[PDB]
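This report refers to the structure that appears directly beneath it.
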2 protein chains.
Amino acid sequence: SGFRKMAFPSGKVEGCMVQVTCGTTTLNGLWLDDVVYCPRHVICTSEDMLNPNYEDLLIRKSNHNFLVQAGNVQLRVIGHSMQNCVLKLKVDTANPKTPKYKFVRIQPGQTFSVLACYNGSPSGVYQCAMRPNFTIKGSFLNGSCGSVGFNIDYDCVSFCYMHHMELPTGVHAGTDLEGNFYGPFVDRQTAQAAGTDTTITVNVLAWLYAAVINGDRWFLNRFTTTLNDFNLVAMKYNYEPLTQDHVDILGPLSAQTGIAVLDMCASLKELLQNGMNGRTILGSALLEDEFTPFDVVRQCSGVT
Amino acid sequence: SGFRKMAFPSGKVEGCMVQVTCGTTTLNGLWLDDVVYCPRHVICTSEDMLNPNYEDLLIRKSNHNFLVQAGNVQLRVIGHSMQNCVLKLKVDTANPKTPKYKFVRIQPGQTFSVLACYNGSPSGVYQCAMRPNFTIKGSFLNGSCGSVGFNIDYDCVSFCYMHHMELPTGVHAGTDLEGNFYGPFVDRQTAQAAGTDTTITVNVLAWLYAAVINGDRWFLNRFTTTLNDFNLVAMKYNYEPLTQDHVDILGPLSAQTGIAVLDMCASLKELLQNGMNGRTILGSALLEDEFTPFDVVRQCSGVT
Ligand SMILES: *CCC(=O)N(C(=O)[C@@H]1CCOc2ccc(Cl)cc21)c1cncc2ccccc12
Ligand SMILES: *CCC(=O)N(C(=O)[C@@H]1CCOc2ccc(Cl)cc21)c1cncc2ccccc12
């Protein structure tokens with residue numbers, strides 16, 4: 001029992017982190033097979049960020065201008081190309097620690113672990129979610145660029161995020177490993193404001209199920225609702241609309257606890273309207289939305 | 001910017017996890033050099049747990065009764081001894097992945113990362129603290145026994161916890177790596193209730209400093225206090241007393257923000273008395289106490 005914001009074991013990803021320097025800019029790279037992936041803004045000076053023309057700045061760079069260091073040994077760069085907002089640096093040595101891997105583009109509401117790195121060295125691991133406005137609420141300082149987000153399914157690492165930017169509001173933006181930003185963000189030091197950070201309803205419901213499984217049951221009420229009535233309340237509270245697809249995804253948790261999905265929706269509706277009244281759920285005074293239904297099943301079943 | 005509950009990168013500890021089976025009981029072990037450390041209750045049946053005499057149960061066990069599996073390869077056990085509540089299984093092969101390590105016994109209020117494991121395989125990593133009542137609030141299911149808690153200082157892993165037990169209240173108890181339980185807990189299936197789970201004041205103050213550093217400043221008030229006046233309020237709210245030692249430890253955060261420690265104490269005093277009023281601090285509706293002052297400096301400075 002007990003429920004924690006848990007990240008995947010980071011060992012498989014630590015074995016991939018390298019340092020990439022181009023001139024005076026140093027950031028993190030991800031070394032998989034004989035390719036090192038990193039944010040293309042490694043070629044920019046702080047002045048270039050204001051209005052960068054990446055294709056033009058890249059013309060002034062050669063293979064020998066990209067310095068890749070794995071641990072404390074230099075890797076030989078034999079090719080370089082830009083794919084969207086990432087650079088792929090072909091090196092002459094395949095990463096001996098390359099795990100089985102995939103590149104995936106996640107949907108808002110999906111969670112992943114981040115291995116925050118500086119100078120190609122890991123500093124920490126934490127769990128976060130792709131917000132409905134396509135930002136992530138991470139913990140990243142200058143030099144954290146190129147740190148990656150991932151999920152693990154047994155022995156296969158699915159990389160889903162590479163860190164690129166911090167918005168003026170302290171929220172973060174990045175790309176998938178094909179270099180495509182999540183949301184409308186661009187790798188330029190310009191005014192970019194985030195949209196509404198709505199609450200991930202299906203994740204809140206999954207966490208209410210985790211609370212029941214772990215003995216926190218005070219919030220269970222004697223009511224039920226419908227998807228339409230629930231969604232009227234959810235919209236008013238800036239929660240994402242709940243669909244029949246989400247109800248289907250919650251099926252296993254509904255079966256485990258014997259609490260119908262719509263009954264849990266009615267409990268969540270009363271929590272939204274009445275508040276917590278100074279009480280806590282799984283040690284939190286707010287409704288947690290960065291656990292997916294899959295994360296709840298995984299943590300409560302002990303998948304390794 | 002951004003502040004997350006961050007765990008240490010778990011790779012160095014993943015390379016140490018093994019599966020230990022004795023008869024019908026299987027749990028996790030920690031393999032460092034040619035010794036595998038595990039909870040001594042691996043020798044017990046569920047019936048033995050009610051009133052175990054470990055020295056007597058151990059007489060019936062030989063080296064060949066302890067099955068140690070690293071990955072999917074069997075290790076040869078050439079010696080076994082009980083030290084307090086842990087068994088040390090001497091194996092014929094030194095762990096090739098043994099990191100630089102120390103065994104430390106932490107104080108209440110100190111934080112560490114846990115690598116939750118099942119069958120010698122890592123499932124996840126999370127951060128927690130040694131509570132003032134010597135329990136930890138982890139996430140552990142049956143078979144998680146032998147999972148360890150640790151801190152990392154550059155390349156040295158300081159192991160501080162090994163999981164042994166879940167109390168009837170869902171809280172957890174365990175030992176240091178010398179086998180000595182934290183607090184008054186015993187490895188027996190008997191009535192063991194925890195004492196008061198007080199709030200770790202110095203950690204709350206450190207997290208209020210992290211909030212100021214990351215731009216959350218609404219709670220800063222125009223007041224100051226004294227250690228004695230603050231402590232009168234802290235006692236009433238089940239917070240640990242703040243000492244001059246804690247004020248000294250907060251010195252670097254006080255210098256970074258320009259907010260005197262006693263001024264932050266006065267802000268915390270108003271938060272305790274007035275509540276949050278539906279507001280949040282670093283995305284939390286309650287005051288967080290599982291970040292030490294060292295963790296705040298580390299996360300806000302980017303130590304790898
Ligand atoms: C890896 C550091 C970095 O590049 N960060 C930035 O956000 C850049 C600063 C200048 O503006 C800018 C525009 C676009 C892009 Cl793609 C990147 C930047 C950065 C990333 N995460 C956190 C940070 C904290 C503090 C400073 C810089 C940060
Ligand atoms: C590793 C599983 C385990 O032994 N757990 C226990 O708490 C044991 C169950 C019987 O009572 C008991 C008394 C003393 C000791 Cl030292 C251990 C036990 C265990 C540990 N953490 C979480 C658990 C969750 C669910 C079942 C058992 C758990």
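Computed from heavy atoms alone, side chains included, the values below leave out hydrogens, waters and symmetry copies. Chain identifiers are assigned alphabetically (A, B, ...) following the order of the sequence lines, protein sequences preceding nucleic acid strands; residue numbering begins at 1 within each chain.
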In terms of heavy-atom proximity below 4.5 Å to chain A, should B:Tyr118 be classed as side chain, backbone, both, or neither?
both
B:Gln127 versus chain A, heavy atoms under 4.5 Å apart: side chain, backbone, both or neither?
backbone
B:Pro9 versus A:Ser123, closest heavy-atom pair with distance:
CD-O, 3.8 Å
Heavy atoms from other residues, nucleotides or ligands near CZ of A:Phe294 exceed 12 (cutoff 6.0 Å)
no
Whether over 12 other heavy atoms sit under 6.0 Å from A:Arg217 CZ:
no
Does any part of the side chain of B:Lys137, heavy atoms only, come nearer than 4.5 Å to the side chain of A:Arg4, both counted from C-beta?
yes
Can you tell me if A:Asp197 has over 12 outside heavy atoms packed within less than 6.0 Å of its CG?
yes
Which members of residues 140-151 of chain A, sorted by number, sit under 4.5 angstrom from chain B on a heavy-atom basis?
A:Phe140, A:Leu141
What parts of residues 295-304 of chain B touch chain A if we use heavy atoms and a cut-off under 4.5 Å?
B:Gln299, B:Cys300, B:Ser301, B:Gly302, B:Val303, B:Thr304
Assert top hit (heavy-atom pairs under 4.5 Å, partner chain B, pool A:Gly2, A:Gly11, A:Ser139, A:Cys128) equals A:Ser139
Under 4.5 Å from any heavy atom of chain A - which part of B:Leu115:
side chain
Which atoms form the tightest heavy-atom contact between A:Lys5 and B:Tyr126, and what is the distance?
O-CB, 3.7 Å
I need the contact set between residues 165-173 of chain A and chain B: heavy-atom distance under 4.5 Å, sorted by residue number.
A:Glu166, A:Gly170, A:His172
Heavy atoms of other groups near A:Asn72 CG, more than 12 under 6.0 Å
no
The complete set of side-chain hydrogen bond (donor to acceptor under 3.5 Å, both in side chains) pairs with one or both residues in residues 6-16 of chain A, sequence neighbours excluded, reads A:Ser10-A:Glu14
If you count the non-hydrogen atoms of other residues, nucleotides and ligands that lie under 6.0 Å from CG in B:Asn277, is the total more than 12?
yes
